[PDB]
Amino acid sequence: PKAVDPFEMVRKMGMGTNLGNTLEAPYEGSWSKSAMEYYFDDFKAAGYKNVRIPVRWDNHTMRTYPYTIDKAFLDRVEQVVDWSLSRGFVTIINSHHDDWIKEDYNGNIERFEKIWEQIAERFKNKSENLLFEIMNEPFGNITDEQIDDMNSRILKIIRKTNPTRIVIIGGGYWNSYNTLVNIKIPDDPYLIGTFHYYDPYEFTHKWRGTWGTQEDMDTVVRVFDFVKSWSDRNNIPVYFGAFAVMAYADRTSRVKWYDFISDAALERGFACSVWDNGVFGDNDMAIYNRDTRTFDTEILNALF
């Protein structure tokens, strides 16, 4: 009845990191290096206060009823979660890249439910610091009615075994042109809303040449301020699961951007996780080198 409320958590979560391109890859390791328990020792030393762990269940779950999840895979995900929880991190697991659910919905919603049914069961006794994020990026390729349907039913499933565990549902998205927020939010006291950058017409834009300008900053504060009003009006805390997910004009801009987002976000009381590709050598968007156990100091400095 009296558990931690979403606002207390968001305050607790603070600035964190993503364990990108790992368990959300088709198969763990097929992309960036697999999860090692030292990753978390370093993140803790680094300052991160939360760790989002994307997870694609597609290939560890039967494609046919009863859509059971590999016993082993579940064991694996729990091992990683426990490493994170043991270190005091507010930990977030979800469904990432399980696009099949958007290529149909009437057809795959049950498989999606079974998966969430089994996740909720296995982690039901986990610490309050383990949050369930229904789906990474709900928007796009699916009607609003279906996005709403999905949240209600997965939440309902989760609540049967996790009566007070905080759940994260998309509250909306933003892009250079507009911001979209949800009006219809489920009637539940344990929900956090999450936003990500999304542009349905992305594969059309005549483009610009990546981010970093003053105009972009002006654009984000705009977005952040509206989400803020949304947050206050709906009484639902905000969390930017993966930011700085863009390419930049140069090293100096990139650092500045990481410094900027963190400031604006936390000042408005938002929780957020930086997107960490876990890739160096391309070099993309990785802050922590899983091979050298070293971080891009300048960026960490800009985040804290």
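Just count from 1 along the sequence shown to find any residue number.
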Between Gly281 and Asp282 - deposited residues without coordinates, as a size class
1 to 3
Going by the B-factors listed in the PDB entry, is the mean over the C-alpha atoms higher for 50-58 or for 261-269?
261-269
Is the mean CA B factor in the deposited entry higher across 161-169 or across 135-143?
135-143
At the C-alpha atoms, which of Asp187, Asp98, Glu121, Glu113 reaches the highest B-factor in this entry?
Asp187
Could you check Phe89, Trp83, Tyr197, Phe73 and tell me which one carries the biggest Cα B-factor in the deposited entry?
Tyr197
Considering every modelled residue of the chain and its Cα B-factor in the PDB entry, is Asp5 in the lowest, middle or highest third?
middle
What third of the chain, by the recorded C-alpha B-factor, contains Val255?
middle
Sorting the chain's modelled residues by C-alpha B-factor, tell me whether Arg153 ends up in the lowest, middle or highest third.
middle
Ranking the modelled residues of this chain by C-alpha B-factor as given in the entry, is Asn277 in the lowest, middle or highest third?
highest
In terms of its chain's C-alpha B-factors, the third that includes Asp218 is the highest
